[PDB]
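Chains as they are written, first to last, in the UniProt record's numbering: chain P, 1 to 116; chain H, 1 to 225; chain V, 12 to 225, 269 to 387; chain C, 1 to 225, 232 to 288, 301 to 342, 374 to 470; chain B, 84 to 95, 100 to 137.
Backbone N, C-alpha and C fix where the C-beta goes; we use that ideal spot for every residue, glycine too.
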Amino acid sequence: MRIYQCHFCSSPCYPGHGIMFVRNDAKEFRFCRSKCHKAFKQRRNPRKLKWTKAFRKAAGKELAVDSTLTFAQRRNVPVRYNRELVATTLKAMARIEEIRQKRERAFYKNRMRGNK
Amino acid sequence: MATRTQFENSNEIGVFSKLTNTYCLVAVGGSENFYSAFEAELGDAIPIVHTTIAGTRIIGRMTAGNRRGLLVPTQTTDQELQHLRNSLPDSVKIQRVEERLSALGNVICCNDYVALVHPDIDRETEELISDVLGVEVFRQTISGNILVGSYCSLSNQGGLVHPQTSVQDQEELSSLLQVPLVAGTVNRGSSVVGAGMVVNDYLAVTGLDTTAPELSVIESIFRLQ
Amino acid sequence: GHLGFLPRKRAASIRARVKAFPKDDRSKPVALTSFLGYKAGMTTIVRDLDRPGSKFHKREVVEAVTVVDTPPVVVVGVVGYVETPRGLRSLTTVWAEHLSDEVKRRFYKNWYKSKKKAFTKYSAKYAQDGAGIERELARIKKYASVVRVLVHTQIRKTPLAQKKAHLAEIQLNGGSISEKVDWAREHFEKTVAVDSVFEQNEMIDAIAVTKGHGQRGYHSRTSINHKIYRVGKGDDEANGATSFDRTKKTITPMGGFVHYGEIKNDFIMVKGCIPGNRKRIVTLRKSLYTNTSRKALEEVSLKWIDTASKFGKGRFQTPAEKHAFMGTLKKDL
Amino acid sequence: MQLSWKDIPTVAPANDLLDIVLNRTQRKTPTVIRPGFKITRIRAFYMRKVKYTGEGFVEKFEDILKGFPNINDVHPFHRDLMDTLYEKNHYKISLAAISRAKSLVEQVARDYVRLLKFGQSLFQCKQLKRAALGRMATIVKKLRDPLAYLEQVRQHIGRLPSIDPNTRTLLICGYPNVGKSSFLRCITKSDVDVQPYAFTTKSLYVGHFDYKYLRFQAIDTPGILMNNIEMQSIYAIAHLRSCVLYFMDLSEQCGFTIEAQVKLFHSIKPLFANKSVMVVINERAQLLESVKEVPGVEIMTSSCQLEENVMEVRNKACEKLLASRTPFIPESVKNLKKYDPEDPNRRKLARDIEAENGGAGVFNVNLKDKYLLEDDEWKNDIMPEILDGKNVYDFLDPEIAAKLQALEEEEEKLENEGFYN
Amino acid sequence: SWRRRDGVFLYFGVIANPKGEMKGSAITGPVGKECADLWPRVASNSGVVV
RNA sequence: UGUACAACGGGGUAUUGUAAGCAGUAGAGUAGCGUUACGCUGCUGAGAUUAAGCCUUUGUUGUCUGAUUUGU
RNA sequence: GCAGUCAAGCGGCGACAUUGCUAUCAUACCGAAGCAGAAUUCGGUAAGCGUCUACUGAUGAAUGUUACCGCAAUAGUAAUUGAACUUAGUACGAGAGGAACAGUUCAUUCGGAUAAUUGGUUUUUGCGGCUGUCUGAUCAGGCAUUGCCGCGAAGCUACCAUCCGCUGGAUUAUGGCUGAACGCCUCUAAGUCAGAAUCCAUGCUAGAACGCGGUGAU
RNA sequence: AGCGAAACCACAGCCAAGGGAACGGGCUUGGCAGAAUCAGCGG
Ligand SMILES: [Zn+2]
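Dropping the structure here:
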């Protein structure tokens, strides 16, 4: 199984949920929830709304692009399998998540500046 | 030398299999006869592993490559990417192609020295083929055919192309591709020769329904003897 | 349509009565013929198809899976049966002198107003030095050829808002009925683990009263080939962590089950849907036969279970994933 | 149809066909009626019964007629061939008689239906139906001889080795039991012998063979010495697009001496010369040399056991009919001996192993040790492939600890820097 | 739409001879698995799979 | 008269798409004589929905006998 | 129907044959065809499935009382067709051609249910904006016995979504053994093997509301 | 909540067969099945 990304919410989506549409252009389009699919059918861009991940992360309301968010990305070439190398993924992903946990809070606090 | 077989009694060998000089790709299922046919002549000197591509049985049309490397379609799941590297030795490169149409058996058809690509193929993989495959790349719609890869098969011994190829074109391809070709038909006169045949420098596989003259012509052009 | 389920008359009791049972086992020891539980709900399962000759061999397959709550069954008595021209007859019955409150309450409808002075004359007699009690066991052993064991659900462990339990008579097939009665007595007041009754890939069948469409439904039903995917334990953390994904989580959907409490006890996953609905008792049996076929011989390859919330839509599987992706909010730091 | 017939429906004898039609009309149609029922209902009942019987008879007759091929319009060669196997005039007369009987049955059924539409009494309708059925049976019953002849013709024609005249064919002619009987068997698969009696080959055997990747076939003449068999053989040799060959024997086979054989051979002069004749022979020299007067022929002495001579003659006949950069290979693959199914020590294919153990496709696919992995100690995998809502495949890379080391200190850098003010 | 074994839905008159060959050499369109896989002959005559 | 019935608050849960207010002076605005009819910023994935048939319960608190017939 | 070699009886008629036009369509244990093989039709068997009375949902005291559990006489009863893998490119067959039993893989058909996703489903009377109504007005959308744009779980709910849908005997026709009758013969009259999709057993449904049994309470 | 009719009523209903013009509903041979009591297939 492979987790894909929705073009509307720009977030991962599990299989067997929402609705999936494939255009004649020979590529797949996914939607986490039926509301996203309906909005995409109406051509309503969410990237200008305060709630969507794309707007929040880029503007400052949420964590922006950072070195931590540079590993969960698809790759074009395969990797040689190794049982020992599997353990590295478990530790590496956990450490990356722990590192990121200390950056989202910092970004939110920076956004909160001036609330005093 | 040449072998006649079928997958599910279907003559579309080129759709359910993709045989190369360094690896063998065939469909999957309980019917091991198709895999056994390749295993017999090929034996064990080269890896013979049946695997799925994008979950479909059209692995033959879905994948393409040569001795230097292997190419797989865009829809190839990341799970199959691990299998691709595990089965093939590290000496053979593996690269995924982001084609417009998810079928390498239609966009790319090549051999150990020359490759034919769709006119609208991505420039990235088009240039990378010169290293992954080590072959020359030419955008050429044979006789105007949009599906270049599904109507021809190529190898260092030559190949069989759709009947629309003129004899003069076949003779010129002896120098344009460094290997002469022959115009013929497979699957009892089917114009789509590449769909029903898979053949390499030392082994040829064709549909059972293929007529004897077609098999003899295929053997002669590939100079097996 | 089908006249076998007509008239459309409601069943007599919510609990589904079990009619048939296997015949006998000449060599194997005493074993439980059936198991019972409660329907926790339904979710989704994805695995890899190892079934031979399949068109989707080694390809992902998705199908609905029901989750059944199966708390450790406890034995509280044994019933002896004797063959008669009129059929099986329960000539004698015996208890264990330590019936739980869950069972004693079932013997009342106004437990609050009841004096609760039940199982006293017999329990006091049972408290004697065996001699009197052993006579019934000897009589059962002398004549009886089929023995049934009374069992009830540990409702206290389940999150249901019910204290009264239910008594179900479960048959045994082990030979030398003396061994059967000896085993039953040795297990009085004891519990039996779920794994000891059923195992993975077993082609068990279940019977339960269907949902009442309201007089449509509410009748007893049966369906064979209710294959169990994976048996889980409440104490064994990471039950929802499949063999492949092994994600640290539990099968309980986020925010609990729809109109049902969170699952925190032993549970079993069964392929496909099942009769009844949430908050309904169900029974499990081995279909009385063996479905010899490659469908049964295959093995489970579970990869992921749908554990998203059922209130509205769902974007996350576990709370640990939500906070990372969603980040903080007004109600947080 | 083509020049081959094996789908002709069986010709039911008049009695058998009549019984079948009677059973069909009795069973399918209703059989319970009373005088107290509606008069219109009884009229409809009788009309339906009569119409069903007539339609069944007509359909059976049409099906019988359509199955048989039209001898006249099939082909002149096949027409002449059938003219000797069966009496062509009798065949046409029988077909015409059957067609006329079918037309008469149709007319009778239509007339009875028209008359029955205005019946006045139930017994009148019953009598009309009885008369119609009796007339149909009587007309059908008289077809016993033509129906028997049609059945015999169908049986005889259902197995003939007929072939298209345009196909390359070889014709062998000669006296009975000359020795050419073994010729066809050697050239093509057939069951014939050189038993020392004249007509060891009564039928016109046909057999296929291949040469120079081109299809060919040969035909053996039953015997030529008017004779019915001789006429039938001639009416196929003359019209077939084939090469006619002659055979001879000295004193043992064929009975007749060389002079008689030469005299018989000269009798086929008017028409045999146009088919590139050749002669094989199983004071006498002059008689044999007399064949040279033909515009072109080849004569060679041989024997029934001279298989190489037969092969050379076949090759010569086929020739006469016809006249009218360097690759790169993984040498390791080709070094291994080619597959030898008969060798018990060969590299048994997965098919054989599965059949021995896994049986048919019921076996399950496995990839144990299939991967070209370095260490076999860990040839078993349970891939996580998903963790914390993220795909493990995006993190599985060789020794990512080196990259993680550069990010480890970023936590301390952020903590002491104080982004949280 | 229709359910796929992969775990996600999918959605977007012609006749052929008994061999499934269409009257064209440059067929194009939404040739899903229902035709790209069911009809291997058509899949070779069709470029845009899925 | 007890890991007992219960009521809110809170959390879990997703949903809508960013509430009323300070007040745009973040910003060109321009009819005058920079002004003023008027020209998405901090709370704010915000407010609310968030079971009269979604889950809980770190739980304090409000509660706990009104009638009945039958018995080898 | 007309005339007749027509002739068992028989008061001059007369069933018998011949001479002139005019309770299955597939689902097959079984046999025949000039059935090499597939296919085919015929006699074969079965209607199994294909092609004011009546309750369809219901209530009430019973057999010391109460509560639990259990047996079953009874009535009903259900799965199913096609396509591929395979023995298969085979037995066979002059060549082209193209079977099956044993095990698997898919969908329509009929039935029992589940909501894992989606929707025809919305009174969360739920939400951001919005119109008539027009709000002292920036507050406020104060109103459409039921509002619009964008959404919505749940109740509902269907391949418009999902899972599932039996294993042993007795027999009809039929193929044999022994064995006569009728010193022979034979399948049958004594018995018996194989064998029906038929019948009964297996299972499921409800359970005599006066069919029954066991247990805690006085 | 309370008031309050009418049509119709020799008496009226568990079925299969015989019952002559067949009307079977009260004659004969057999099989059914609960005092009391909601609600109806599109009869
Ligand atoms: Zn999203």
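Residue span of the beta strand (DSSP E) that contains residue i, given as start and end
{"i": "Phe29 (chain P)", "result": "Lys27 to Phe31"}
{"i": "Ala137 (chain C)", "result": "Taken as a continuous stretch (DSSP letters only), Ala137 (chain C) belongs to no beta strand (DSSP E), being part of the alpha helix (DSSP H) at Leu122 to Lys141."}
{"i": "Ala218 (chain C)", "result": "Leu214 to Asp220"}
{"i": "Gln95 (chain H)", "result": "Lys93 to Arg96"}
{"i": "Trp194 (chain V)", "result": "Where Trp194 (chain V) is concerned, there is no enclosing beta strand (DSSP E), although the alpha helix (DSSP H) it sits in stretches over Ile188 to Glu197."}
{"i": "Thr276 (chain V)", "result": "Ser274 to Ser277"}
{"i": "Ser17 (chain H)", "result": "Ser17 to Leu19"}
{"i": "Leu338 (chain V)", "result": "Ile335 to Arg339"}
Same chain, Cβ closer than 7 Å to residue i, five either side skipped, listed in chain order
{"i": "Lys417 (chain C)", "result": "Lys428"}
{"i": "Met1 (chain C)", "result": "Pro69"}
{"i": "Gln267 (chain C)", "result": "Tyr175, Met254 and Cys260"}
The alpha helix (DSSP H) enclosing residue i, as first and last residue numbers
{"i": "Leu215 (chain H)", "result": "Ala212 to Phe222"}
{"i": "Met93 (chain P)", "result": "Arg83 to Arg111"}
{"i": "residue 234 (chain V)", "result": "Because residue 234 (chain V) lies between 225 and 269, and chain V jumps straight from the first to the second, it has no atoms in this structure."}
{"i": "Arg43 (chain C)", "result": "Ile39 to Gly67"}
{"i": "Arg168 (chain C)", "result": "From DSSP, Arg168 (chain C) is part of no alpha helix (DSSP H); its letter is neither H nor E."}
{"i": "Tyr91 (chain C)", "result": "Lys88 to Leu116"}
{"i": "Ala341 (chain C)", "result": "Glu325 to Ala341"}
{"i": "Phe67 (chain V)", "result": "Where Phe67 (chain V) is concerned, there is no enclosing alpha helix (DSSP H), given that its DSSP letter is neither H nor E."}
{"i": "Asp131 (chain H)", "result": "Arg123 to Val132"}
Residues bridged to residue i (per DSSP)
{"i": "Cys109 (chain H)", "result": "H:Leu116"}
{"i": "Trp85 (chain B)", "result": "B:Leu93"}
{"i": "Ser133 (chain B)", "result": "B:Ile114"}
{"i": "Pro12 (chain P)", "result": "P:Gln5"}
Beta carbon of residue i nearer than 9 Å to that of residue j
{"i": "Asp216 (chain V)", "j": "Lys340 (chain V)", "result": "yes"}
{"i": "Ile322 (chain V)", "j": "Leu338 (chain V)", "result": "yes"}
{"i": "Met1 (chain P)", "j": "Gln79 (chain H)", "result": "yes"}
{"i": "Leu306 (chain C)", "j": "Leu270 (chain C)", "result": "no"}
{"i": "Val86 (chain V)", "j": "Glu190 (chain V)", "result": "no"}
{"i": "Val208 (chain V)", "j": "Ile188 (chain V)", "result": "no"}
{"i": "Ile20 (chain C)", "j": "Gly67 (chain C)", "result": "no"}
{"i": "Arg88 (chain B)", "j": "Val105 (chain V)", "result": "no"}
{"i": "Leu463 (chain C)", "j": "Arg103 (chain P)", "result": "yes"}
{"i": "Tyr108 (chain P)", "j": "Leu387 (chain V)", "result": "yes"}
{"i": "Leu84 (chain H)", "j": "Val199 (chain H)", "result": "no"}
{"i": "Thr188 (chain C)", "j": "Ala242 (chain C)", "result": "no"}
{"i": "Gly56 (chain C)", "j": "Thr31 (chain C)", "result": "no"}
{"i": "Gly294 (chain V)", "j": "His17 (chain P)", "result": "no"}
Cutoff 6 Å; reference residue i; Cβ partners in own chain excluding five residues on either side
{"i": "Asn184 (chain V)", "result": "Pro33, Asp35 and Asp36"}
{"i": "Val153 (chain C)", "result": "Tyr86"}
{"i": "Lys152 (chain V)", "result": "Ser189 and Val192"}
In chain order, each beta strand (DSSP E) run of at least 3 residues that lies wholly inside the region 86-161 of chain V: Whole beta strand (DSSP E) segments, 3+ residues: 100-106.
Complete beta strand (DSSP E) runs within the region 388-454 of chain C (minimum length 3 residues, chain order): none
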